[PDB]
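Structure 1 and structure 2 below are two forms of the same protein chain, each written out on its own as structure tokens.
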Structure 1
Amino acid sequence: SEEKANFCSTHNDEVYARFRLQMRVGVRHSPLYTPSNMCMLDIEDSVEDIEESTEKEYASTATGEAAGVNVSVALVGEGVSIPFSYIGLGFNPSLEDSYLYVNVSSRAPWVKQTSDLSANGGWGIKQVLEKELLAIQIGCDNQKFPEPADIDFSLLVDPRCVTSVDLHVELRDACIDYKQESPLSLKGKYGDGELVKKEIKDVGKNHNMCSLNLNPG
């Protein structure tokens, strides 16, 4: 990068979160499903309140629907926002059983500064390591059927349209490339993660591609 470098350089002694998801979902259409290219994606954050505490619950949710299948990805900090800045699908508009690829990424601090989670002895890292919850879930839209660094997440799926799920997820120091280690390097997997990491990076030969990128600043 031009900036990312200069930034990580000018910001040696603190840590900003970057969260990254990659997920291949195996799909199975309803016999009454009609092929379609439509894609709807959306990001929505929110700042609800931990009554007991003086500390706000932050939450970012990404969502996307394509090929009869809708996905929802929900990251919930106690006292820390990790804003999703972007989501991307790769999907196949046919009746064919097929794959659906879902990227989701946080903001780059060097686009817009996230919190330095290291401030005050790593207060933030406490908050994440201990508190942060992640909730993925997958459904079938409106289609009708004939009747410790272990990242802490929940996957619920409607199995009618969902054949398979593979994903690699990470919540890591947004400059770990320019650092030996970091106190924020959380990771998660489910089925061939390292595979779907490889594969997502180029499904754009054989799918429609839609995506949403939030305004920078």
Structure 2
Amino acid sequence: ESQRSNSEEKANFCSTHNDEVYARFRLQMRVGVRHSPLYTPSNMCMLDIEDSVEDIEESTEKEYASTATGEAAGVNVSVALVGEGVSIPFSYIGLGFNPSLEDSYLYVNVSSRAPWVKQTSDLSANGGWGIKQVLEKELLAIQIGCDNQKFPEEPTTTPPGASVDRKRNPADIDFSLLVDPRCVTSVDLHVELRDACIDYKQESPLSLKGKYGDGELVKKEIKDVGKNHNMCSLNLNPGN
């Protein structure tokens, strides 16, 4: 009759905070990778998470961006979640990659902070102003580059106003996906941004989803790549 499975810490938090609304963002992505002839195998991994605040000329509101970057296997990824008046910061990025020459899949997780671990912004404030800002304005921007790879160039130049129950039917998240086709052969993507306690609520206006290629596949394959890939991850101090 009810299908949820959560930690005690999650259930206790949600039972106790039913009038609040916290957003939770989760991304899983599979990137098909290929290398230039010059690429040498490397276990190197670079991870970063940065939050930025930009004044909006039009408004009293700020633009809040959380940007997760990861670089491994000759490919660099950028995931940016951007809101107006609403900040949803990332707390985790994890990469799964094969260090070799061959074509392979690079796996990316990005997540925002679980409200039970540390409390995020309460979007119920001001009559649910934050919720509306997310539904109307939130942007996701994904970029996948191929640095610092050098590819073969032929010799010449010299480089020697209605509210909706979206728990049932999620709205589409607004996202762009920019890739460099020299090193990126495919992308599968599943992304969701929703009330972190949506499991303990009958209905909710705050549920957004994005998909590219076989989202369901990556959502599952990504839990099973530790056996055959390098894994690296950055987890932000709970508290900052």
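We call the rigid core the largest set of C-alpha positions that still match within 1.5 Å between the two forms. Structure 1 provides the reference sequence; residues are numbered from 1 along it.
- Superposing the two forms on their core leaves just one of 103, 118, 85, 127 with a Cα displacement of at least 2 Å between structures 1 and 2, namely 118.
- Core superposition places the C-alpha of residue 179 2.1 Å apart between structures 1 and 2.
- Taking the core as the fixed frame between structures 1 and 2, we note the C-alpha of residue 67 moving 0.3 angstrom.
- We note a C-alpha movement of 1.0 Å at residue 56 between structures 1 and 2, with the rigid core held in register.
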